[PDB]
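These notes are about the structure you will find just below.
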Amino acid sequence: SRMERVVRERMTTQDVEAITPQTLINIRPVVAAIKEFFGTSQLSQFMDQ
Amino acid sequence: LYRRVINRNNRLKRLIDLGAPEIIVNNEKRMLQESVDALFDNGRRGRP
Amino acid sequence: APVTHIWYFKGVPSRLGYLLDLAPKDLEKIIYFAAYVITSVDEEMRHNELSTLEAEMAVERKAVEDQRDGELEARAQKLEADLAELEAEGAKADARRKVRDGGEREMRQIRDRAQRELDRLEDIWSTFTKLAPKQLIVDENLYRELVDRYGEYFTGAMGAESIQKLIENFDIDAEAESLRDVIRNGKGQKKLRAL
Amino acid sequence: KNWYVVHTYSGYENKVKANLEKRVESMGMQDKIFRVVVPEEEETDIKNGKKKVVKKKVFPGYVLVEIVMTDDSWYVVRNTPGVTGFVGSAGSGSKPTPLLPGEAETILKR
DNA sequence: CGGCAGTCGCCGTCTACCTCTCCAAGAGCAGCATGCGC
DNA sequence: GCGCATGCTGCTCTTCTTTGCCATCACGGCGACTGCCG
RNA sequence: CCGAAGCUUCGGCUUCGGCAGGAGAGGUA
């Protein structure tokens, strides 16, 4: 959803005929969310061995 | 919390000694008041 | 610029509001730049100038009425010309009947703006009649009109700099004996408020 | 069409101006938002011929825009990628407060 | 004016000790350094 | 041979709060308050 | 305050070097 908001907001400020799917997409929010879940979270717990 | 107050005070001083319109000075004064209030008690009014 | 301590205004109760006799919502609006307040208003000039003031605004209102009836006369002669050029001959008289109805609509439309102007003048007069310190005045346009038409005889602003002025022009003794008089001979809930 | 003041992040004023012009020309609303300008000065910052002028901002963080306030111009202008919000809003912040004739004149003169 | 009842916010909710992990980053503004062109 | 242009790189901040984002928050006691009905 | 090194009259003197906050989860009495 964060990436979708970014692409929707940036689709209206760039010039046409130079718009490609690779120039509208930002990966940072997704990796940030993934690394925030798998790290500082209350449900992904340190294993007891 | 100290740095925020110092930055707002410096911007207010520079804008006052420049001949700024009243609306902008009022906005800066409101923002300085909010910053000091957050310094003394964070979360009492508005959002933390 | 002066600021206000959070402890003495955002408490339960508000010690600043208890000292100044102001609702906490009024304090919050004044402090955070959302409404004006009257710090001081001079009275002797009002008392010795009311007659001239009333004369000036009566003259202005009558001039507005004179302009309005001037437009009425111009539109009346235009409508008379239209009726003369239309009603007398084979031109559609149904159109002129609905034109008469729309003409009545036109008096109503012009009296709308006339009433707007008259109401603005009379409510400015009403506000200037009843103006006391520590009275919050919303609708900033009224403040511009008051501060330009009768800019003297009173002062006020918004922010903590305008509350410092209210605190400085404060008399502890008079309010103290006033509260003690209210408690001595009184009942209901105003006695509870005084307590 | 009265002038209005918009608050943006510090250092993003020129980018906000460019993006707002682009969204004026692209989204479609061209008869609502007319002109934008960032008040600025060109101080004499020089060093032995080698000029070093950093664009002198008289009001850092503010942008001037001429616009007719409908309920869609407020939406398009406020959601530009970089502005924080409108200024001058009083009385529950229903609508922003316009500028003054002489004030706009003197700011647009320099 | 004068009661009046819902409502909304603010206060509080046991002691001592052990082990582990994780704690703003991308964007932006100059300031040059070297390559390329006439 | 000299001037202009663009990328390594010092270098010091900057990070909001609408018509959005945001999703909620026990349980009891207490006290103002505030619109509301009479 | 500790260490290293010199002077040391044996009381000490001189040079250099050096730091310790939050959030979350699980557990024992």
Pick out the one residue from D:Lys95, D:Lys47 that is within 16 Å of DNA strand E (Cβ to nearest atom) and either under 30 Å from C:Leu142 (Cα atoms) or more than 15 Å from the chain's Cα centre (by Cα) (or both). D:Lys47
Tell me which of these A:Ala32 doesn't satisfy, since it passes every other one: (1) within 12 Å of DNA strand E (Cβ to nearest atom); (2) within 15 Å of the chain's Cα centre (by Cα); (3) within 14 Å of chain D (Cβ to nearest Cβ). (3)
Determine which member of the set C:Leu22, C:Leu16 is part of a loop (DSSP other than H, G, I, E, B), in contact with a helix residue (DSSP H, G or I) (Cβ under 9 Å, 6 or more places away or on another chain), crowded, with 17+ Cβ neighbours inside 10 Å and not β-branched (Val, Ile, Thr). C:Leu22
What is the one condition in (1) surrounded by fewer than 16 Cβ atoms within 10 Å (Cβ to Cβ); (2) assigned to a helix (DSSP H, G or I); (3) more than 14 Å from chain B (Cβ to nearest Cβ) that C:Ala88 does not satisfy? (2)
Could you tell me how many of the residues in the range D:62-94 are within 8 Å of DNA strand F (Cβ to nearest atom), touching a strand residue (DSSP E or B) at 6+ places or on another chain (Cβ under 9 Å) and of a type in the set (D, E, K, R)? 1
Look through D:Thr106, D:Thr84 and report the one residue that is closer than 22 Å to B:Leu12 by Cα, within 14 Å of chain B (Cβ to nearest Cβ) and within 16 Å of DNA strand E (Cβ to nearest atom). D:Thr84
Quickly run through the range C:8-35 and pick out the residues that are within 7 Å of another protein chain (Cβ to nearest Cβ) and aromatic (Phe, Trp, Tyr). C:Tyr32, C:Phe33
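For (1) of a type in the set (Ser, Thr, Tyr); (2) over 24 Å from D:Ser26 (Cβ atoms); (3) away from chain D (no Cβ under 14 Å), each residue gets a yes or a no:
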residue	(1), (2), (3)
A:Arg2	no, no, no
A:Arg5	no, no, no
A:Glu9	no, no, no
A:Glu17	no, no, no
A:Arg28	no, yes, yes
A:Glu36	no, yes, yes
A:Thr40	yes, yes, yes
A:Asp48	no, yes, yes
Being surrounded by 15 or more Cβ atoms within 10 Å (Cβ to Cβ) and of a type in the set (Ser, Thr, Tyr), is that true of even one residue in the range B:35-43? yes
Which pairs have Cβ atoms under 8 Å, sit 6 or more apart or on different chains, and link a residue in the range D:44-72 that is polar (S, T, N, Q) to one that is surrounded by fewer than 16 Cβ atoms within 10 Å (Cβ to Cβ) and part of a loop (DSSP other than H, G, I, E, B)? D:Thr44/D:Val53
Could you please tell me which pairs satisfy a Cβ distance under 8 Å, a separation of 6+ or placement on different chains, a first residue in the range B:26-48 that is hydroxyl-bearing (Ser, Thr, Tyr), and a second residue that is in a helix (DSSP H, G or I)? B:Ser35/B:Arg4; B:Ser35/B:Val5; B:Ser35/B:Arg8
Residue count, the range A:19-45 (criterion: away from DNA strand F (no atom under 16 Å from the Cβ) and in a loop (DSSP other than H, G, I, E, B)): 8
Would you check which residues across the range C:114-137 are in contact (Cβ under 8 Å) with a residue 24 or more places away in the chain and surrounded by fewer than 12 Cβ atoms within 10 Å (Cβ to Cβ) and list them? C:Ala132
When you go through (1) in a helix (DSSP H, G or I); (2) under 19 Å from the mean Cα position of the chain (by Cα); (3) not small (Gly, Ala, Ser) one by one for C:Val37, which number turns out not to apply? (1)
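For neighbour counting, all protein chains shown are included, and Cβ atoms are generated from backbone atoms with ideal geometry for every residue, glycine included. Taken together, the values in this text are just the output of simple stated rules run on the coordinates, not laboratory data.
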